[PDB]
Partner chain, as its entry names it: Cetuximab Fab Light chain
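A lone chain, given as structure tokens: the form solved without its partner chain.
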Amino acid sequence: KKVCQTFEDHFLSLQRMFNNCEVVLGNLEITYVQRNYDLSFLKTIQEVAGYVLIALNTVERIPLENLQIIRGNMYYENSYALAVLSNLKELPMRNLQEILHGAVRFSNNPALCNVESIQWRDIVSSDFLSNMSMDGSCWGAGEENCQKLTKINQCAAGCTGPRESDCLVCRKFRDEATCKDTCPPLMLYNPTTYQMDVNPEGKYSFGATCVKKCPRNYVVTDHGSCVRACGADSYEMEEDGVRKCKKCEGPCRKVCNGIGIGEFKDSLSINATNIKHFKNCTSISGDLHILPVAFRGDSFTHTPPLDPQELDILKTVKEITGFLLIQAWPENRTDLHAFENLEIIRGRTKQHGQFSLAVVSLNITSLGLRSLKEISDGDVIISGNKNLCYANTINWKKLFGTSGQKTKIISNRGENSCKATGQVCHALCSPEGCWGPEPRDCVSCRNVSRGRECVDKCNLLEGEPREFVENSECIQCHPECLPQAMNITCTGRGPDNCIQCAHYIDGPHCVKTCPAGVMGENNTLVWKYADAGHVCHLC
């Protein structure tokens, strides 16, 4: 079954977006149709997964003679799925037998004929709270368009026989012929590997049909759904033939345009008008200049003065294509916390042709760019900052990428004064350097590194988190790893490299609970008992 997501213009758009649609995964919106403007523009739609909004219907008959189940993955305002109000002489909804989630609101329809006699008790189920049916089993069209009462466990609309392989519309989902209460599971647990593994028999879920592959522009979601568009917190990644809704690593990639190329093409600086167009943006393409006229405000460009707290909108930029010149920062702020996450200033286009990450004539305490890793092409001139001390520590050669890149960090707070005032890298910071004057803002960690922090010693033997060093970086051992006092509590990450199990230990794995009722191979749920030694024994 094919699936689809001015008065004359409305008629054309509706007839286009619902011409051959059989199951409308979106919401049927048949509203504002002038008299004698359509003819069966949507007649075969057999299940709409949302709200059927039939309002402002001047036409005598919008057929909708096929819709049998209006799913209810939304509502009009609340619990309102079929919105038949403010209309229309006859609507043959003889097919609609079950609206799974929601209720029907009828009113403001003087022309509505034969609709009041509908036995709407069978239509909606258990959501009668907003059943505003105030505006004989027959949904119009005289006889043979009867209401066909059926409601007054995997079959929703009706039964073609009491067999789960023969049902009109699936209550939850349908693999191919039998309607299952859930999709064919994406990954099944194999007791041999003692872990869940991708079952070949499993299929992704598309609407109400379990699909082996996500068709057309559909991406597999985390919950297994074949969503047409990935969520805002997710990203589209193609590892197999079907793209997957991989969750975003913090700020999702939203490549905005920078000050100089794009909508901000002729802007002079990051004006208060220019800002807030870069919110929730990463990998700005072009420069990200922040000149003094931004905080002063401008008239000949009619730019209102920028509130200092709004410069934190630029904290999500994890890369830049061109230069990143920060030539004036809010004076009350000690460190360039605006660019605290800029991971690589690729510097394809260099401000003044030379500088790629320049921080000139600011009054910051520390460069504050803890997270920077590669200033690829252009140079790096960080001068003028008369109160920046913990600057020269970071090795300006480990960062720059093209051998022609130079560095002119000069004229800042003196090294002797930086040392006398105690403005030095925290002891738990390797000789590589420290971007800020604190321990977490260190270029390289001396011994271990719990997260971004450059700790002095990982909790290898004593500690609350039970750290277990790995590639010179502390990593929280799996919570199931019971801390061990004699030696290291965890050889490596994952519950299969732990010394002592806090909870039961299931085979090579230390699991919070033994696998009980988890679906395994051969479509069998697996229930495992636990031994006295915290060993999970399968039943």
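Numbering follows the first chain given and starts at 1.
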Next item on the list: Using the PDB record, quantify the missing residues of the deposited sequence between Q5 and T6 as none, 1 to 3, 4 to 9, or 10 or more.
Entry: 10 or more
Notebook entry, point to check: Does the deposited sequence hold unmodelled residues between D135 and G136, and if so, how many: none, 1 to 3, 4 to 9, or 10 or more?
Noted result: 10 or more
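The form deposited with its partner chain bound exists for this protein as well; it is not shown, and the discussion that follows is about that form.
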Check: its partner chain isn't shown here, but in the deposited bound form, which of 465 to 473, 408 to 416, 111 to 119, 450 to 458 has heavy atoms within 4.5 Å of it?
Finding: 408 to 416
Next item on the list: Answer with yes or no whether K212 is in contact with its partner chain in the deposited bound form, where contact means some heavy atom within 4.5 Å.
Entry: no
Next item on the list: Tell me, yes or no, whether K386 is in contact with its partner chain in the deposited bound form, where a contact means a heavy atom of each within 4.5 Å.
Entry: yes
